[PDB]
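K.L.:
Below is a structure I'd like to ask you about.
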Amino acid sequence: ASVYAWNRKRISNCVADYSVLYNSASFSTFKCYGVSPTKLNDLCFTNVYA
Amino acid sequence: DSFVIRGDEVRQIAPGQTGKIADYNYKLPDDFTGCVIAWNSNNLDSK
């Protein structure tokens, strides 16, 4: 989408293999704030919004 | 310690950093005393 009109995808009722994201060398940044990207597989959420 | 690497992965060569080269084959200690020195070698190591 255009940044004036961004799209939000709800992620729910599923298993998230976050290392598939973090290991992807295409990503120019992967800055994480209240969590460290290494910890995400040990940890879980009510929903995730992309 | 001497080695060649892809320029993307220089970021992982530090105390407490992570990703495949630091996870597997060159791990620094978290209490490291030292310097990490790197430069582009595309003029030498590419063909």
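Every chain in the structure tokens has a letter given in the order shown (A, B, ...), and although residue numbers restart at 1 in each chain, ligands are simply numbered from 1 in the order shown.
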Write out as a Markdown table a residue-level contact list of chain A versus chain B with cut-off 12 Å: for each qualifying residue the closest pair of atoms and the distance in Å to one decimal, counting only C-alpha atoms, rows sorted by chain and residue number upward.
P.N.:
| residue | atom | partner | partner_atom | distance |
| --- | --- | --- | --- | --- |
| A:19 | CA | B:19 | CA | 9.8 |
| A:20 | CA | B:19 | CA | 11.9 |
| A:21 | CA | B:19 | CA | 12.0 |
| A:22 | CA | B:19 | CA | 8.5 |
| A:23 | CA | B:19 | CA | 7.1 |
| A:24 | CA | B:19 | CA | 10.3 |
| A:25 | CA | B:8 | CA | 8.0 |
| A:26 | CA | B:8 | CA | 9.9 |
| A:27 | CA | B:8 | CA | 10.3 |
| A:28 | CA | B:8 | CA | 9.0 |
| A:29 | CA | B:8 | CA | 11.0 |
| A:36 | CA | B:18 | CA | 10.7 |
| A:37 | CA | B:18 | CA | 9.7 |
| A:38 | CA | B:18 | CA | 8.0 |
| A:39 | CA | B:18 | CA | 11.5 |
K.L.:
Residues of chain A classed as alpha helix (DSSP H) by DSSP on the backbone are to be reported as a list in words.
P.N.:
residues 19, 20, 21 and 22 of chain A
K.L.:
Would you mind listing what lies within 10 Å of residue 5 (chain B) as an NGL selection string, with only C-alpha atoms counted and same-chain residues fewer than 4 positions away left out?
P.N.:
:B and (9-10 or 21 or 38-41 or 45)
K.L.:
Rounded to one decimal place, report the CA of residue 44 (chain B)-CA of residue 23 (chain B) distance in Å.
P.N.:
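Pair CA of residue 44 (chain B) / CA of residue 23 (chain B) returns 27.2 Å.
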K.L.:
Residues near residue 26 (chain B), anyone? I mean within 10 Å using only C-alpha atoms, not counting same-chain ones fewer than 6 positions away, as an MDAnalysis selection string.
P.N.:
chainID B and resid 1 3 12:14 20
K.L.:
Output as a ChimeraX atom specification all residues of chain A that backbone DSSP marks as strand (DSSP E or B).
P.N.:
/A:10-11,48-49
K.L.:
Print the selection's residues with N, CA and C atoms to a file, as a CSV table (one decimal), in the first residue's frame.
P.N.:
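Output file result-v2.csv follows:
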chain,number,residue,atom,x,y,z
A,10,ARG,N,-4.4,-8.4,10.5
A,10,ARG,CA,-4.5,-9.1,11.8
A,10,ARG,C,-4.0,-10.5,11.6
A,11,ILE,N,-3.1,-11.0,12.4
A,11,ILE,CA,-2.5,-12.3,12.5
A,11,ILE,C,-3.0,-12.9,13.9
A,48,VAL,N,-1.2,-10.4,16.7
A,48,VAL,CA,-0.1,-9.6,16.1
A,48,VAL,C,-0.7,-8.9,14.9
A,49,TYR,N,-0.4,-7.6,14.7
A,49,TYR,CA,-0.9,-6.8,13.6
A,49,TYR,C,0.3,-6.4,12.7
K.L.:
What is the distance between CA of residue 32 (chain B) and CA of residue 35 (chain A), in Å to one decimal?
P.N.:
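Between CA of residue 32 (chain B) and CA of residue 35 (chain A) the gap is 24.1 Å.
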K.L.:
Would you work out the distance separating CA of residue 25 (chain B) from CA of residue 33 (chain A), expressed in Å to one decimal?
P.N.:
27.6 Å
